[PDB]
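With compact mmCIF, C-alpha atoms and all ligand atoms inside, this is target08.txt:
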```txt
# COMPACT_ATOMS: atom_id res chain seq x y z
CA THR A 1 104.65 90.66 64.81
CA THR A 2 103.36 93.42 67.10
CA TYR A 3 103.90 91.26 70.22
CA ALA A 4 107.53 90.74 69.08
CA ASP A 5 108.08 94.47 68.52
CA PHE A 6 106.69 95.12 71.93
CA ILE A 7 108.96 92.48 73.52
CA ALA A 8 112.08 93.91 71.85
CA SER A 9 111.19 97.41 73.13
CA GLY A 10 112.54 99.38 76.08
CA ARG A 11 109.26 99.50 77.99
CA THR A 12 108.36 95.89 78.83
CA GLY A 13 109.53 96.38 82.40
CA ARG A 14 107.54 98.21 85.09
CA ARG A 15 106.60 101.79 84.22
CA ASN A 16 106.90 104.49 86.88
CA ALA A 17 104.76 107.62 86.80
CA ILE A 18 105.72 111.01 85.34
CA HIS A 19 105.50 114.44 86.98
CA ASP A 20 106.39 118.17 86.73
CA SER R 1 69.66 100.16 94.15
CA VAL R 2 73.17 101.08 93.13
CA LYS R 3 72.04 104.73 93.49
CA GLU R 4 70.99 104.04 97.14
CA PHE R 5 74.34 102.30 97.99
CA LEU R 6 76.39 105.22 96.55
CA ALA R 7 74.43 107.69 98.66
CA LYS R 8 75.15 105.80 101.93
CA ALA R 9 78.74 105.44 100.78
CA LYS R 10 79.18 109.17 100.08
CA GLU R 11 78.13 110.09 103.62
CA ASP R 12 80.58 107.56 105.10
CA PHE R 13 83.30 109.09 102.88
CA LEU R 14 82.46 112.71 103.78
CA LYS R 15 82.65 112.16 107.57
CA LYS R 16 86.13 110.70 107.11
CA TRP R 17 86.95 113.33 104.47
CA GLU R 18 86.23 116.27 106.82
CA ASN R 19 87.85 114.68 109.88
CA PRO R 20 90.80 112.50 108.70
CA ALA R 21 92.68 110.01 110.92
CA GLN R 22 96.23 110.87 111.98
CA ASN R 23 99.33 109.47 113.75
CA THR R 24 97.77 106.05 114.53
CA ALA R 25 101.11 104.16 114.78
CA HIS R 26 104.89 104.49 114.69
CA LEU R 27 107.83 102.70 113.05
CA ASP R 28 108.89 100.53 116.02
CA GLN R 29 105.53 98.78 116.12
CA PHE R 30 106.67 97.14 112.82
CA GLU R 31 109.17 94.53 111.67
CA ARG R 32 110.66 95.45 108.28
CA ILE R 33 110.99 92.22 106.31
CA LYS R 34 111.36 92.82 102.57
CA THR R 35 110.81 95.40 99.80
CA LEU R 36 107.72 94.45 97.76
CA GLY R 37 107.93 97.21 95.23
CA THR R 38 109.36 100.55 94.27
CA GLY R 39 108.14 103.65 92.43
CA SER R 40 109.00 107.16 91.29
CA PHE R 41 108.10 108.54 94.75
CA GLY R 42 108.24 105.82 97.40
CA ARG R 43 109.06 102.23 98.26
CA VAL R 44 106.76 99.56 99.71
CA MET R 45 107.94 97.02 102.29
CA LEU R 46 106.27 93.88 103.59
CA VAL R 47 106.08 94.51 107.31
CA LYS R 48 104.92 92.78 110.50
CA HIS R 49 102.79 94.43 113.17
CA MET R 50 104.48 92.92 116.23
CA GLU R 51 101.51 93.13 118.65
CA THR R 52 98.79 91.60 116.42
CA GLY R 53 101.29 89.59 114.35
CA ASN R 54 99.65 90.68 111.08
CA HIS R 55 101.55 91.44 107.87
CA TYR R 56 101.03 94.77 106.06
CA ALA R 57 102.44 96.72 103.12
CA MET R 58 104.08 99.99 104.30
CA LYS R 59 104.69 102.79 101.81
CA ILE R 60 107.65 105.03 102.62
CA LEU R 61 107.71 108.55 101.17
CA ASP R 62 110.88 110.47 101.91
CA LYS R 63 109.52 113.91 102.78
CA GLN R 64 112.39 115.87 101.18
CA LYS R 65 112.12 113.83 97.97
CA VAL R 66 108.39 114.43 97.86
CA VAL R 67 109.14 118.17 98.04
CA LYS R 68 111.78 118.02 95.25
CA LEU R 69 109.37 116.28 92.88
CA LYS R 70 106.61 118.78 93.61
CA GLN R 71 104.27 116.13 95.05
CA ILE R 72 103.25 117.68 98.41
CA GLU R 73 99.62 118.45 97.55
CA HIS R 74 99.47 115.03 95.76
CA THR R 75 100.88 113.20 98.80
CA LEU R 76 98.34 114.96 101.04
CA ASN R 77 95.49 113.95 98.70
CA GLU R 78 96.74 110.35 98.79
CA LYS R 79 96.53 109.85 102.55
CA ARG R 80 93.31 111.82 102.93
CA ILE R 81 91.46 110.06 100.12
CA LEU R 82 92.71 106.57 101.02
CA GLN R 83 91.77 106.77 104.70
CA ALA R 84 88.31 108.02 103.69
CA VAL R 85 87.40 105.38 101.13
CA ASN R 86 85.87 101.94 101.58
CA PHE R 87 85.29 99.58 98.63
CA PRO R 88 86.01 95.85 98.15
CA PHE R 89 88.54 96.43 95.37
CA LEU R 90 90.47 99.23 97.03
CA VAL R 91 93.32 98.57 99.42
CA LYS R 92 92.50 99.27 103.05
CA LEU R 93 94.65 101.85 104.82
CA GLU R 94 95.07 100.71 108.43
CA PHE R 95 97.58 103.18 109.86
CA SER R 96 99.45 106.32 108.87
CA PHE R 97 102.22 108.24 110.59
CA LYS R 98 105.32 110.35 110.16
CA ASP R 99 108.67 110.95 111.79
CA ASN R 100 111.46 113.47 111.21
CA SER R 101 112.38 112.04 107.82
CA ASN R 102 109.46 110.11 106.25
CA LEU R 103 105.71 109.59 105.78
CA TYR R 104 104.24 106.10 106.22
CA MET R 105 101.11 104.41 104.96
CA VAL R 106 100.63 100.92 106.33
CA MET R 107 98.18 99.06 104.07
CA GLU R 108 96.63 95.64 103.60
CA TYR R 109 99.29 93.30 102.23
CA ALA R 110 98.13 91.69 98.96
CA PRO R 111 100.05 88.41 98.55
CA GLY R 112 99.21 87.73 94.91
CA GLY R 113 101.62 90.30 93.46
CA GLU R 114 100.89 92.79 90.69
CA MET R 115 98.72 92.12 87.68
CA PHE R 116 101.83 93.23 85.79
CA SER R 117 103.94 90.26 86.91
CA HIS R 118 101.40 87.68 85.81
CA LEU R 119 100.40 89.44 82.59
CA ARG R 120 104.02 89.64 81.36
CA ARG R 121 104.75 85.95 82.26
CA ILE R 122 101.56 84.54 80.71
CA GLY R 123 101.82 87.07 77.87
CA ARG R 124 98.12 87.88 77.72
CA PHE R 125 94.82 87.05 79.39
CA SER R 126 91.86 85.39 77.72
CA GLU R 127 88.96 87.74 77.12
CA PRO R 128 86.81 86.18 79.92
CA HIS R 129 89.82 86.63 82.24
CA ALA R 130 90.31 90.29 81.26
CA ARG R 131 86.57 90.74 81.78
CA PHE R 132 86.68 89.48 85.37
CA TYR R 133 89.23 92.20 86.14
CA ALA R 134 87.69 94.89 83.94
CA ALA R 135 84.32 94.62 85.66
CA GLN R 136 85.90 95.23 89.06
CA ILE R 137 87.70 98.32 87.81
CA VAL R 138 84.44 99.52 86.24
CA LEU R 139 82.63 99.27 89.57
CA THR R 140 85.60 100.79 91.40
CA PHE R 141 85.55 103.87 89.17
CA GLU R 142 81.76 104.18 89.54
CA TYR R 143 82.33 104.36 93.30
CA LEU R 144 85.34 106.73 93.08
CA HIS R 145 83.68 109.09 90.57
CA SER R 146 80.49 109.31 92.65
CA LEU R 147 82.68 110.69 95.48
CA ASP R 148 84.07 113.29 93.00
CA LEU R 149 87.40 111.40 92.99
CA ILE R 150 89.58 110.92 89.92
CA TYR R 151 92.14 108.09 90.17
CA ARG R 152 94.68 108.96 87.42
CA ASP R 153 97.17 106.07 87.53
CA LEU R 154 95.45 102.89 86.38
CA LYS R 155 98.11 100.42 85.23
CA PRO R 156 98.85 96.72 85.88
CA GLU R 157 101.65 97.86 88.25
CA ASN R 158 99.04 99.45 90.57
CA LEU R 159 96.61 96.50 90.45
CA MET R 160 97.41 93.93 93.14
CA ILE R 161 95.85 90.45 93.19
CA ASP R 162 94.57 89.28 96.60
CA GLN R 163 94.37 85.66 97.89
CA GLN R 164 90.90 85.24 96.43
CA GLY R 165 92.33 86.25 93.04
CA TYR R 166 90.44 89.58 93.05
CA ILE R 167 91.70 93.17 92.44
CA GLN R 168 93.04 95.58 95.06
CA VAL R 169 93.71 98.97 93.45
CA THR R 170 96.70 100.50 95.25
CA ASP R 171 98.58 103.82 94.76
CA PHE R 172 96.33 106.86 95.21
CA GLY R 173 99.28 109.23 94.64
CA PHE R 174 97.41 111.14 91.90
CA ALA R 175 93.95 110.72 93.35
CA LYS R 176 92.13 114.03 93.66
CA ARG R 177 88.70 115.10 94.80
CA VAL R 178 87.60 117.60 92.12
CA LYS R 179 84.30 118.95 90.96
CA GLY R 180 85.01 120.58 87.62
CA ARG R 181 88.34 120.48 85.82
CA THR R 182 91.96 119.82 86.70
CA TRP R 183 95.16 120.40 84.70
CA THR R 184 98.09 118.54 86.35
CA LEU R 185 100.19 116.55 83.85
CA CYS R 186 100.46 113.22 85.62
CA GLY R 187 99.97 109.49 85.25
CA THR R 188 101.92 106.95 83.25
CA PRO R 189 102.75 107.68 79.60
CA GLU R 190 101.03 104.64 78.03
CA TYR R 191 97.84 105.27 80.00
CA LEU R 192 97.70 109.08 79.51
CA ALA R 193 94.55 110.30 77.76
CA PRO R 194 94.96 112.80 74.91
CA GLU R 195 93.58 115.65 77.07
CA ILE R 196 96.31 115.38 79.66
CA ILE R 197 99.15 115.56 77.12
CA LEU R 198 97.45 118.43 75.18
CA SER R 199 97.08 120.56 78.36
CA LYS R 200 93.31 121.07 77.77
CA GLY R 201 92.11 120.55 81.31
CA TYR R 202 90.21 117.35 81.96
CA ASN R 203 87.82 115.43 84.22
CA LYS R 204 86.75 111.89 85.30
CA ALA R 205 86.83 110.81 81.61
CA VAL R 206 90.60 110.21 81.68
CA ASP R 207 90.02 107.20 83.95
CA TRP R 208 87.72 105.65 81.32
CA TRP R 209 90.32 106.14 78.59
CA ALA R 210 92.76 104.46 80.99
CA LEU R 211 90.32 101.57 81.43
CA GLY R 212 90.28 101.10 77.66
CA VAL R 213 94.09 100.98 77.66
CA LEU R 214 94.07 98.42 80.47
CA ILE R 215 91.56 96.15 78.68
CA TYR R 216 93.56 96.34 75.47
CA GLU R 217 96.77 95.46 77.31
CA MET R 218 95.28 92.65 79.35
CA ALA R 219 93.72 91.08 76.25
CA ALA R 220 96.65 91.74 73.84
CA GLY R 221 99.79 91.39 75.99
CA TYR R 222 100.90 94.89 74.99
CA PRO R 223 99.53 98.44 75.23
CA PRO R 224 97.82 100.07 72.17
CA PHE R 225 100.45 102.82 72.14
CA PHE R 226 104.04 101.77 72.84
CA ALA R 227 107.37 103.12 71.61
CA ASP R 228 110.91 103.26 73.04
CA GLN R 229 110.62 106.75 74.62
CA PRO R 230 107.55 108.66 75.99
CA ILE R 231 107.38 111.51 73.37
CA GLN R 232 106.74 108.97 70.62
CA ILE R 233 103.95 107.42 72.73
CA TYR R 234 102.26 110.83 73.27
CA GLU R 235 102.42 111.22 69.48
CA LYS R 236 100.45 108.02 68.78
CA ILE R 237 97.82 108.71 71.45
CA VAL R 238 96.89 112.17 70.10
CA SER R 239 96.82 110.69 66.57
CA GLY R 240 93.77 108.67 67.65
CA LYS R 241 94.82 105.65 65.56
CA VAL R 242 94.46 102.24 67.14
CA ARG R 243 94.90 98.79 65.62
CA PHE R 244 93.40 95.67 67.14
CA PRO R 245 94.82 92.12 67.16
CA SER R 246 92.82 89.84 64.86
CA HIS R 247 91.89 87.61 67.84
CA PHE R 248 89.88 90.38 69.56
CA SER R 249 86.18 89.65 69.53
CA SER R 250 84.13 92.15 67.54
CA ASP R 251 82.35 93.10 70.77
CA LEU R 252 85.73 93.87 72.43
CA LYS R 253 86.94 95.95 69.47
CA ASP R 254 83.67 97.91 69.84
CA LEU R 255 83.96 98.46 73.59
CA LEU R 256 87.50 99.70 73.11
CA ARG R 257 86.69 102.02 70.21
CA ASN R 258 84.34 103.94 72.51
CA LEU R 259 86.74 103.94 75.50
CA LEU R 260 89.72 105.01 73.37
CA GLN R 261 87.66 107.73 71.72
CA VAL R 262 89.97 110.75 71.42
CA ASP R 263 86.89 112.99 71.18
CA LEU R 264 85.92 113.21 74.85
CA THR R 265 82.27 114.16 74.05
CA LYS R 266 81.72 110.70 72.47
CA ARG R 267 83.78 108.61 74.94
CA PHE R 268 81.94 105.94 76.96
CA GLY R 269 81.75 106.92 80.62
CA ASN R 270 81.36 110.66 79.87
CA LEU R 271 77.96 110.61 78.10
CA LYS R 272 74.45 111.21 79.55
CA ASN R 273 74.06 107.62 80.75
CA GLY R 274 77.50 107.71 82.38
CA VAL R 275 78.90 104.40 83.56
CA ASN R 276 75.85 102.46 82.24
CA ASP R 277 76.98 102.74 78.61
CA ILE R 278 79.88 100.56 79.77
CA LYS R 279 77.90 98.19 82.05
CA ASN R 280 75.17 97.42 79.50
CA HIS R 281 77.69 96.97 76.68
CA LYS R 282 77.56 93.67 74.69
CA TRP R 283 81.01 92.70 75.91
CA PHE R 284 79.79 92.73 79.55
CA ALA R 285 76.52 90.81 78.93
CA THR R 286 77.65 87.70 80.86
CA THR R 287 78.93 89.88 83.73
CA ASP R 288 76.70 89.79 86.79
CA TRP R 289 77.79 93.02 88.49
CA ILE R 290 76.27 92.42 91.93
CA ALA R 291 78.00 89.02 92.05
CA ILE R 292 81.32 90.62 91.10
CA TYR R 293 80.84 93.17 93.90
CA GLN R 294 80.06 90.50 96.51
CA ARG R 295 83.14 88.45 95.47
CA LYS R 296 80.95 85.38 94.80
CA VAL R 297 82.27 84.85 91.27
CA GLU R 298 84.90 82.16 90.63
CA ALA R 299 88.25 83.82 89.90
CA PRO R 300 89.93 82.30 86.83
CA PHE R 301 93.36 82.67 88.47
CA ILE R 302 94.14 82.31 92.20
CA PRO R 303 97.84 82.94 92.86
CA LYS R 304 99.87 80.43 94.91
CA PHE R 305 100.76 81.61 98.43
CA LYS R 306 102.81 79.15 100.65
CA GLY R 307 101.76 80.61 104.07
CA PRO R 308 101.52 84.23 105.34
CA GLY R 309 104.29 86.71 104.61
CA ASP R 310 105.28 84.71 101.54
CA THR R 311 106.63 87.09 98.89
CA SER R 312 107.19 84.66 95.99
CA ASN R 313 104.78 86.57 93.73
CA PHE R 314 106.88 89.77 93.95
CA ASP R 315 110.18 90.49 92.28
CA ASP R 316 113.28 90.89 94.34
CA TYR R 317 114.46 94.48 94.88
CA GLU R 318 117.65 95.91 96.38
CA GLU R 319 117.15 96.83 100.03
CA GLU R 320 117.87 100.27 101.50
CA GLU R 321 117.99 101.08 105.21
CA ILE R 322 115.51 103.51 106.71
CA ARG R 323 117.42 106.57 108.01
CA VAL R 324 115.58 108.95 110.31
CA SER R 325 117.10 112.39 111.02
CA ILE R 326 117.58 113.84 114.48
CA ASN R 327 115.96 117.00 113.02
CA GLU R 328 112.46 117.40 111.51
CA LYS R 329 112.78 118.11 107.76
CA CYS R 330 109.62 119.49 106.16
CA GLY R 331 107.34 119.88 109.15
CA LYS R 332 104.99 122.70 107.98
CA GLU R 333 104.56 121.16 104.56
CA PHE R 334 103.19 117.88 105.88
CA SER R 335 101.43 119.10 109.04
CA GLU R 336 98.03 117.61 108.16
CA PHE R 337 99.48 114.20 107.27
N1 LIG A 401 99.08 97.18 99.52
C1 LIG A 401 100.04 96.59 98.81
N2 LIG A 401 100.29 95.24 98.95
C2 LIG A 401 101.30 94.63 98.23
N3 LIG A 401 102.08 95.38 97.37
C3 LIG A 401 101.86 96.72 97.22
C4 LIG A 401 100.83 97.34 97.93
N4 LIG A 401 100.83 98.65 97.59
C5 LIG A 401 101.82 98.86 96.69
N5 LIG A 401 102.47 97.67 96.45
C6 LIG A 401 103.62 97.46 95.53
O1 LIG A 401 104.53 98.54 95.56
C7 LIG A 401 104.68 99.10 94.26
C8 LIG A 401 104.98 100.59 94.32
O2 LIG A 401 103.98 101.24 95.09
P1 LIG A 401 103.21 102.54 94.54
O3 LIG A 401 102.87 102.41 93.05
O4 LIG A 401 102.00 102.76 95.38
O5 LIG A 401 104.33 103.68 94.83
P2 LIG A 401 104.57 104.96 93.87
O6 LIG A 401 105.74 105.72 94.37
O7 LIG A 401 103.30 105.84 93.78
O8 LIG A 401 104.94 104.35 92.44
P3 LIG A 401 104.43 104.95 91.03
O9 LIG A 401 103.70 106.31 91.14
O10 LIG A 401 105.69 105.15 90.14
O11 LIG A 401 103.52 103.93 90.44
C9 LIG A 401 103.39 98.77 93.54
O12 LIG A 401 103.51 98.84 92.13
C10 LIG A 401 103.15 97.37 94.09
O13 LIG A 401 103.95 96.41 93.43
MG MG A 402 101.64 106.90 92.28
```

Any chance you could put this one into structure tokens?
Amino acid sequence: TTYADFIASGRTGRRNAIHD
Amino acid sequence: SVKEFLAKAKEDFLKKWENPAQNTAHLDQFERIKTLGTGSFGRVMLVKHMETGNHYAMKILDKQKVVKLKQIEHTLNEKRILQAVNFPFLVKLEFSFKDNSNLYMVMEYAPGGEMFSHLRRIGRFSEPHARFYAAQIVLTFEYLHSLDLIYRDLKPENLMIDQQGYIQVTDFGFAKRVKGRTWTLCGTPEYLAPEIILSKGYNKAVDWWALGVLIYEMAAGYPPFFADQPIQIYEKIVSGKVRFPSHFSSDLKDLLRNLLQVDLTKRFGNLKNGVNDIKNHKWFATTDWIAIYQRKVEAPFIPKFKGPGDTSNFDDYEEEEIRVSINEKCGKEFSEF
């Protein structure tokens, strides 16, 4: 399932911001 | 009306905007207790004002590190905007100050933790739950946009839950007062609108795309564009291809299709009627906006807080000591802070 793909992914933890 | 309230509110904001508050505390007035959170730029510590005995969240930006990440103008916008604003779903900035090494923003402590923590644990929110939060963000952006402010970092990690179970938007690190367009590539990959990544130059409308991402994530348990690394995410966003869980109401699917409109001339929030296309949408029909603004709606989830200064709704982080130099580090750069 989509939820399962999401949970096995590298970005389920907190996501910091990007920059230049 | 709402139009009358925003006018009063703009004047209040302008007086503080032109003449910002400065150096209204120092470090030794505060007990450092525990790190509440961390970011790309700064860390936040639960703190204790020793004379009043109140608890606050203090954000620590290391001046040199701000300069190496090219966030000086952004850090100056953050303090200036935050001290000027006043809304019920925005964190209150109480004090700001600097010393030789760092910049400090002491804020209202929000004991309920991040939306992120609860959303991951529970998996997803019911639609009525998501709606309670969405409405508050909708009103918050109406306020911010009327002051020519763009927010630019809406994500569950920047949405704190207070004791009453309501939203306190924190982190104004990318906030910017702009009439007309702006081109800085910033935000958080999953919440970036297609304009930002395509280097087109963009406006308020990127906050409304971000609201559509938020609603999708709150209601689904996962963002509409995820992958293992950011470049693959940027790919899916520009592709303008979204798929909805089968348990999304038809009304919700419809709200989201207008918010996650890649064509920013047809995206809700940017049209002639502005924020009303969102407020008068089918999905929000049960939402009494004035009630939401007064905080007289029953929150569906009040977090548990065993006394003041409890931090059980925040993750544990590794502590680092606060080192202050004998010498001033980037004095000219942060003079107005
Ligand atoms: N007023 C507050 N009360 C309680 N916790 C807070 C408060 N403000 C911030 N935090 C916590 O600290 C975390 C990091 O703070 P913040 O996002 O403002 O710093 P940042 O450097 O701009 O991080 P980033 O840009 O990567 O999101 C937040 O995600 C939140 O968990
Ligand atoms: Mg930030």

task = Give the residue list for ligand MG 402 (chain A) at 9 Å, counting all atoms listed in the file, as number ranges by chain, sorted by chain and then by residue number.
result = A: 16-17; R: 39-42, 78, 152-153, 158, 170-175, 187

Would you output that residue set with C-alpha atoms, as a short mmCIF file (atom, residue, chain, number, x, y, z; two decimals), in the frame of the given file?
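Final output, selection01.cif:
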```
data_model
loop_
_atom_site.label_atom_id
_atom_site.label_comp_id
_atom_site.auth_asym_id
_atom_site.auth_seq_id
_atom_site.Cartn_x
_atom_site.Cartn_y
_atom_site.Cartn_z
CA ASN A 16 106.90 104.49 86.88
CA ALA A 17 104.76 107.62 86.80
CA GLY R 39 108.14 103.65 92.43
CA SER R 40 109.00 107.16 91.29
CA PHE R 41 108.10 108.54 94.75
CA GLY R 42 108.24 105.82 97.40
CA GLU R 78 96.74 110.35 98.79
CA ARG R 152 94.68 108.96 87.42
CA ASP R 153 97.17 106.07 87.53
CA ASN R 158 99.04 99.45 90.57
CA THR R 170 96.70 100.50 95.25
CA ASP R 171 98.58 103.82 94.76
CA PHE R 172 96.33 106.86 95.21
CA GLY R 173 99.28 109.23 94.64
CA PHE R 174 97.41 111.14 91.90
CA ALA R 175 93.95 110.72 93.35
CA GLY R 187 99.97 109.49 85.25
#
```

key: Surrounding residues of residue 13 in chain A excluding itself and chain neighbours under 3 positions, 10 Å, only C-alpha atoms, as a ChimeraX atom specification   = /A:7,9-10,16 /R:116-117,120,157

I need the chain R residues near chain A as a short mmCIF file (atom, residue, chain, number, x, y, z; two decimals) with C-alpha atoms, in the frame of the given file; criterion: at most 9 Å, counting only C-alpha atoms.
```
data_model
loop_
_atom_site.label_atom_id
_atom_site.label_comp_id
_atom_site.auth_asym_id
_atom_site.auth_seq_id
_atom_site.Cartn_x
_atom_site.Cartn_y
_atom_site.Cartn_z
CA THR R 38 109.36 100.55 94.27
CA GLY R 39 108.14 103.65 92.43
CA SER R 40 109.00 107.16 91.29
CA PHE R 41 108.10 108.54 94.75
CA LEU R 69 109.37 116.28 92.88
CA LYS R 70 106.61 118.78 93.61
CA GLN R 71 104.27 116.13 95.05
CA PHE R 116 101.83 93.23 85.79
CA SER R 117 103.94 90.26 86.91
CA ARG R 120 104.02 89.64 81.36
CA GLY R 123 101.82 87.07 77.87
CA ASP R 153 97.17 106.07 87.53
CA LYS R 155 98.11 100.42 85.23
CA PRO R 156 98.85 96.72 85.88
CA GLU R 157 101.65 97.86 88.25
CA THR R 184 98.09 118.54 86.35
CA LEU R 185 100.19 116.55 83.85
CA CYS R 186 100.46 113.22 85.62
CA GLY R 187 99.97 109.49 85.25
CA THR R 188 101.92 106.95 83.25
CA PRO R 189 102.75 107.68 79.60
CA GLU R 190 101.03 104.64 78.03
CA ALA R 220 96.65 91.74 73.84
CA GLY R 221 99.79 91.39 75.99
CA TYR R 222 100.90 94.89 74.99
CA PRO R 223 99.53 98.44 75.23
CA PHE R 226 104.04 101.77 72.84
CA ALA R 227 107.37 103.12 71.61
CA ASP R 228 110.91 103.26 73.04
CA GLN R 229 110.62 106.75 74.62
CA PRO R 245 94.82 92.12 67.16
#
```

task = Skip residue 337 in chain R itself and residues of its chain fewer than 2 positions away, then list as a PyMOL selection string all residues within 12 Å of it, counting all atoms listed in the file.
result = chain R and resi 19-24+61+63+72-83+95-99+102-105+330-335

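Note that atom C6 of ligand LIG 401 (chain A) and CA of residue 317 in chain R are 11.3 Å apart.
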
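Reported to one decimal place, the separation of CA of residue 163 in chain R from CA of residue 110 in chain R is 7.2 Å.
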
request  = List the neighbours of residue 146 in chain R out to 9 Å using all atoms listed in the file; skip same-chain residues closer than 6 positions along the sequence, and give me the result as a list in words.
outcome  = residues 6, 7 and 10 of chain R

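From CA of residue 18 in chain R back to CA of residue 84 in chain R, the distance works out to 9.1 Å.
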
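Using only C-alpha atoms and all ligand atoms, the smallest distance between any of R:92, R:48, R:32, R:176 and ligand LIG 401 (chain A) comes from R:92.
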
request  = Using all atoms listed in the file, determine which residues lie at most 7 Å from residue 89 in chain R, disregarding the query and same-chain residues fewer than 3 positions distant; provide the list as a count of residues only.
outcome  = 5

Edge lengths and centre, in Å to one decimal, as AutoDock Vina command-line options: that's what I need for the box along x, y and z that holds all listed atoms of ligand LIG 401 (chain A) plus 8 Å on each side.
```
--center_x 102.4 --center_y 100.5 --center_z 94.8 --size_x 22.7 --size_y 27.7 --size_z 25.4
```

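Around residue 277 in chain R, within 10 Å and counting all atoms listed in the file, the residues found are residues 255, 258, 267, 268, 269, 270 and 271 of chain R, once anything fewer than 6 positions away on its own chain is removed.
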
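Proximity of R:315, R:264, R:233, R:126 to ligand LIG 401 (chain A), computed with all atoms listed in the file, is greatest for R:315.
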